[PDB]
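Worksheet for the structure shown next.
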Amino acid sequence: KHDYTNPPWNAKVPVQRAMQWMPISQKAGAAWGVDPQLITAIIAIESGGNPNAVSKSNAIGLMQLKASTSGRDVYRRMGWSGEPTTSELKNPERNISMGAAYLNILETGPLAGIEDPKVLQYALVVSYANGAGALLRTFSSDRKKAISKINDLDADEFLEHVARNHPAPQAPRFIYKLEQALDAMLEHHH
Numbered sequence: 004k005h006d007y008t009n010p011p012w013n014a015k016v017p018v019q020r021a022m023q024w025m026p027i028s029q030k031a032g033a034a035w036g037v038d039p040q041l042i043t044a045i046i047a048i049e050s051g052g053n054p055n056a057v058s059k060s061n062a063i064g065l066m067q068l069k070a071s072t073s074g075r076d077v078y079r080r081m082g083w084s085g086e087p088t089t090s091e092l093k094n095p096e097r098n099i100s101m102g103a104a105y106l107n108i109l110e111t112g113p114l115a116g117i118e119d120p121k122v123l124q125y126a127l128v129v130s131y132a133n134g135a136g137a138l139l140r141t142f143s144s145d146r147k148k149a150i151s152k153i154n155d156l157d158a159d160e161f162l163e164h165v166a167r168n169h170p171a172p173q174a175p176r177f178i179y180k181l182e183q184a185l186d187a188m189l190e191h192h193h
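In the numbering used here, each residue's number is its place in the sequence shown (first place is 1) plus 3.
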């Protein structure tokens, strides 16, 4: 039902800029066990590689972290009180390293025990934007059953499900731009 491929989106230039940061993304991905291509994909989608991007919501920087939510979440994962400042989120290394942490948090928490890497990946990008909870809720009210129900799908049926079930239009959209972004990235030798 969500017309999620319209308009088309040219990954080239936003991935090009995102790729500026790939050395950090490589290090960040490595440290947190996150696919560096995913990190770069997210940077390209959320900020188009612009480290000073700032949303209506006051989400900040390359990976559009919000200090009160994902910021706070990552601070607690590291044993820290409080939230990162705006200033620290505009730092490209701290920002990316924090997005990586946050992706790791989603993978080892809300989304734990997804089998297929590719669905996992799609789940991450939709969770990252519009929240793991809202995603699971589209399957079932109980987490464990929603996850069993996700493992009964392959990536394309997952995308179909998000397209028809997720309230947020940007959820399936992100999966489309993920794939455009991964395509642009084959033109960059690791």
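We treat Cβ as the ideally placed atom computed from N, Cα and C, and that holds for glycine.
- Bridge partners of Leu68 according to DSSP: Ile63.
- Going by beta carbons, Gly52 and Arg20 fall inside the 8 Å limit.
- DSSP places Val37 in the coil class of the three-state scheme, outside both helix and strand.
- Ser84 and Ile48 have their alpha carbons spaced roughly 29 Å apart.
- With respect to the 8 Å criterion, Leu138 and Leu41 are not classified as neighbours on the basis of their beta carbons.
- In this structure, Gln29 sits away from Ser50, with a CB-CB distance that is not shorter than 8 Å.
- Out of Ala187, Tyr179, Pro17, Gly136, the CA that lies nearest to the CA of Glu163 is found in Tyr179.
- Between the C-alpha atoms of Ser90 and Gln23 there is a straight-line separation of about 21 Å.
- With a contact defined as Cβ atoms closer than 8 Å, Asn133 and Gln173 qualify at about 6 Å.
- Beta-carbon to beta-carbon, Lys4 and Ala166 are separated by about 7 Å, close enough to satisfy the 8 Å threshold.
- As computed with DSSP, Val16 is found in no beta bridge at all.
- Nearest Cα to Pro113 within the set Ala135, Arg80, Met25: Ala135.
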